[PDB]
Every structure is written in C-alpha cells, then in structure tokens.
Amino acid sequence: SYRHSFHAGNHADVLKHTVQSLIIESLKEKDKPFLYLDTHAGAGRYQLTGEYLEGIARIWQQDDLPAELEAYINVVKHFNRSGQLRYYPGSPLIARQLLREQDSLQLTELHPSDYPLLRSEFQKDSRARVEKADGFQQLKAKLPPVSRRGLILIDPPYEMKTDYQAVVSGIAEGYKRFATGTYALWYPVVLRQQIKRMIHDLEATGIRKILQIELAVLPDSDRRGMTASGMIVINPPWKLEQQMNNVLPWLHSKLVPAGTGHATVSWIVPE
C-alpha cells in the first residue's frame, strides 16, 4: 500500500521538483542520452489533511500557472486525473514521466518499507535500476555515466550536524569522477548558521559554478522548525537562473499568502 506522508507536496517539495523538472527539460534539448541519478529516492509516490494543502494544492489548478511550471504540474495532474489531489509524485516519478526512451534512471533507497514500493514503481521500466544501497556511495559507484550526461539529485535526511558534512564530501567525490554533470542538492533551513557552514564547506571544495535557489515561508528563526528550503545546483543549465527569477515571485505569492519569508536566486560560486 502506498506510503502516506504528512509533509509530502509541501512548499519544499514544490521547490525541489520544480527545479528538478526544469533541469530535466533542459537536458532533453540535446538528443544524446543522459542519466538521472537519485541518491535518496524514497518510496516513489505519496498518498495524501497534510502540508500539501499549503503547497501543491495552492498552485496545481491555478489558471495563471507560469510556463516554467507546466512540465512539473502536468506530472502531478497525470497522477490525479480526477481533479482531486490524492497522490503526490516523488522525484523518481517526476523523472520516470519526463525522461525519454533513450535515458537511464539509477535510484537508491535504504528504507526497508519504502524500497519495495520504489522497486514496484519501476518493475516494468527497463530504463531504470533500483537498489537498496547507500545513496552517497552511488556518487562513487555510478559516476561517471557511460552517457557522460546526467542530473544527480541528492535529497537526504539531515538528522545531525555530521550529515551536513557528509553531503558535501559526497558531492566532492561525485564531482571528482564526473565534473560536468549537474548536481542538485536539496537542503532544509532550521538553523541558518548550519546552512552557512555547509555552504562554506562546499566552497572549500574548489567546485565552481554553484547556484543557490531558496524559498522561505517564514523568516529565519530559532524555534520554528523548518522555515525554508533550497536547491544548490552545481553546473546549472544556463536558463535555470532566469527561469527561477520568472517563477519564484509567483510561487512565493501562491505558497505564502501572508507574504512572509523570501524567494531568491543567487550564485554561491561563479563560473
């Protein structure tokens, strides 16, 4: 039975899957195949009361949906053709629906209950390989892709402050093996100081061309839980900065009617 999740489809998922879909659509502009590598792939889909009421529900049926959200929202509608929100597609299903016949998917998830669900989403998809394995080890084992093109999505649990260091080390290892790939790292903002230190750690790797996309629903706080989330993109498609500048004001206005927080795009390290 599909996994239920109180947080699925919230503002952070909206931002993460919007960015994912735009990167995939840019990669599809060239006919050459590419790899989609999902290090922390989850269950695949989520059965939706819940934070989706403040996230995807606020945008998916809007008449003025920006063109930059059409690919993502059309996947959500594919899984909800009745017009009632019942299922939220995870990053693996976004990729399954947007990738072309010549592209490849490599998905990993250690969760003992969610790995079987993920496997069942791809049992009839010959483009995909699903493994019950550590996500960061895939940045060593699966890179570089034989196709020499790819999006690597890194979407891990952040459960203590050593995890923030593990993500940067993992990315450095992937980048050493595949310096031209696009790496998209999702992060939460609970304590801003922890994100500031992670970003410094990422800069200290020497990797260039790192874009930061962040959407906050509340100002930074000491005891409000997750107030924001973002995507750090290494080697973003050239269009992505402008696409996010086009869509972030609309997205923030729909996700946060009270107008609190912010939505920004900027460079951590330039080319």
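Residue positions are given as counts along the sequence shown, with the first one as 1.
Going from residue 233 to residue 234, the model skips none of the deposited residues; the chain is continuous there. Taking the PDB entry as given, 170-178 carries the higher mean Cα B factor of the two stretches 84-92 and 170-178.
When 123-131 is weighed against 185-193, 123-131 comes out higher, by mean CA B-factor as recorded in the entry. Within the selection 212, 49, 39, 61, the deposited Cα B-factor values reach their highest point at 49. Across 205, 243, 229, 26, the entry's maximum B-factor at the CA atom is seen for 205. Sorting the modelled residues of the chain by their CA temperature factor places residue 18 in the lowest third.
Ranked within its chain, residue 160 lands in the highest third, by CA B factor from the PDB record.
Compared with the other modelled residues of the chain, the Cα B-factor recorded for residue 147 ranks in the highest third. Per the deposited record, the Cα B-factor of residue 10 falls in the lowest third when ranked against the other modelled residues of its chain. The PDB entry assigns residue 111 a C-alpha temperature factor belonging to the highest third of its chain's modelled residues.
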